[PDB]
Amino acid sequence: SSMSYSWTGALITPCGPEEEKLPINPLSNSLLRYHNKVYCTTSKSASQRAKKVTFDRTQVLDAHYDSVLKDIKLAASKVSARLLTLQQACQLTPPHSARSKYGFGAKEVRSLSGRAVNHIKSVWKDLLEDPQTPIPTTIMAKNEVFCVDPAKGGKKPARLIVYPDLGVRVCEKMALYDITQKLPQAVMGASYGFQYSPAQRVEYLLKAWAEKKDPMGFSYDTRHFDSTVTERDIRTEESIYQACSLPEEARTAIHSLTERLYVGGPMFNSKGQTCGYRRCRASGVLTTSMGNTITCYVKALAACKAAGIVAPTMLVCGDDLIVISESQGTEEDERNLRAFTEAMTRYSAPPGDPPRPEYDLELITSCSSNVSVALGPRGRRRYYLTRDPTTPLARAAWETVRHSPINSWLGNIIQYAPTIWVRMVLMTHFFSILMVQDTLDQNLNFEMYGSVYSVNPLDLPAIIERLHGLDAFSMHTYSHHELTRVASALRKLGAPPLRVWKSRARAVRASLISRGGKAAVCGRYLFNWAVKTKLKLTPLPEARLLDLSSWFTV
C-alpha cells in the first residue's frame, strides 16, 4: 500500500553550526576518561536514518481491533473538552520554541505581540476555511548524545524531526491542548504511563504483578513506530478525538489539522528545498505523544485479545509498552507472544527485538528502564526504578561552547536518586564540581516532558525524600544485575570504579558537612552510604511542604 515517506534527493540540512568537540572537557574529565566514545548525532547521518524509516505499510485489521476501538470511542465520549483561546495557546508556547518564518518567535508569542497574534488569527481562519491543502513542514536531524556501541554498528544515525511553522503549532493547542490533557487518562485509566513518577511507576508494576496468581510480563519494542503509523491510524485518532463532546469550531479545526497536517504532507529542509513527502506520524506535532500512546494502546490490547493474553495489565508511554498478565505455562506463553507479535505486525506495528516472556520483574526493560531491588541494613526489600547508566554518563560528558552537562547531571540525580550509580557517581561528581565552583546555591534547570523547573541543589535532600522516600538514602545491598551493569558501564567509559567513588564521596561529604546549614544536610543525607557509622536520618519537614505532582505528569 503506502510508503511512510518519499524523497526528492535534496539533503536534510543543518540549521547553521554543528558543534565541534573541544580538546579539553573541563567539567567531566574527572568523571570519565574515554571522551572519544561520546558522540552527537548530526545531519551527516540523516540520509542513513531516512533509508531505515522509509518502507511500505500494509495493514489488516480484525474483529479484536474493531471491538477495542469501539470500547475506546465509548470511553472517549465521556470527555468534555474546550477550545483554548488564541491567547491561552500562545501562552503555552515553550520559551525557546523554534521561531516562525513570518518574523517572530516564542518571546513575541508568549508576550502576545500584535503581529504574532495577528498572523495566528489568519492561520486559524485558513484552517476553518480550507480543510484540504497540505500544510508544509520542516525536516531536521535531531542532535542527541550517545556512547559508541561496537556490538550495534558503532554510531546511531540522527532521529528525524518534522514540524509545521510556529503559527500552526499555536493553532494545534487551541484545537487540541485540552484533549491532550484529558483523553489519554480517559481512554486508558491507570494504563497511561505519563502520569507516574519513577516510584509510582514501580508501585504500579508491583501491584500488577502481585495481582496475578502466576504472573508473566513482557515488553514490546516497535521498530520505528512513527514510520509505522498509517493515514488510517491517524484518521482513526481524529475519530477518537471527535468522540468527545467538543464545540463545533474545534471539530472543524481538528478535522482540518488531521487532513492537512497529521495524515501527511510535504517536507522542506532548512535551506528551503523540497525534501520529500510524509505519509506517517510527524515527530514534532502536538498529538504525537497522545497519538502514539492511544494507537499503541489500541493495537496492543487487540493483539492481546488475538493472542489470548489472560488478564492483561498494561503500561503505555507513546511507543513503549509493558504487559503483565496471567501466565498460561511457559510453552503456551511463548506461543501467545509469537501470536501477539503477528497481530501487531498485521496492525502495522512490527517489532525490533522480538518480545519474550519473563517471570522476574527485574528482566523487563521498558522506556529504557527497569525495576530492581535493594535491601535496607536490616534486610527489608525496597524496589526502585533504574536503567543502564551508559547514556546518562555519555550525556554527563557532553561539553561544548554552547552546552553544559550540569542540567543533565541534575535530571538523572532527580529521576534516579535511589540507584547505586546516581548515589556513588553522579551525586559525588555533581557536588564536588559545584563546591569548587562555589555555585552550590545557584539554581539549575530540571528538564522533563518539554517542561523546566528551577531547582536549588541544596534542596535535593527534600526533593528526593518527597519523590522517592527516605529509603533513597539507605539502600544497602544492590542486585547482582545492577552491580554488574554499573561496573561494566564505568569500565566502558573510562570512569573510576565504584571503590574510588566511595573515597571521593567521603571527601565530598566532609566538605559539605563543614560548610554547615543546608550543604551540611546534603552531606548527611545524600552521602550517608559512604561512612561505616551511619547517622539516623529523619523525615525532613521541608519535604512535607513540597508539591512535585506536575513534574512527572504530562
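Heads up: residue numbers just count along the shown sequence, starting at 1.
Of the two segments, 426-434 and 137-145, the one listed with the higher mean B-factor is 137-145 (C-alpha atoms only). Stretches 39-47 and 493-501 differ in mean C-alpha B factor, with the higher average recorded for 39-47. The entry lists C-alpha B-factors for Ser245, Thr391, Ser479, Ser219, and the highest of these is at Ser245. Set against one another, the Cα B-factors of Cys275, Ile309, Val323, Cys171 in the record reach their highest point at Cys275. In the PDB entry, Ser30 places in the lowest third of its chain by CA B-factor. Annotation for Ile463: CA B-factor lies in the lowest third of the chain's modelled residues. When the modelled residues of the chain are ordered by C-alpha B-factor, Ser191 sits in the lowest third. Sort the modelled residues of the chain by CA B factor and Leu206 lands in the lowest third. Per the PDB record, residue ranking by Cα B-factor puts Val486 in the lowest third of the chain.
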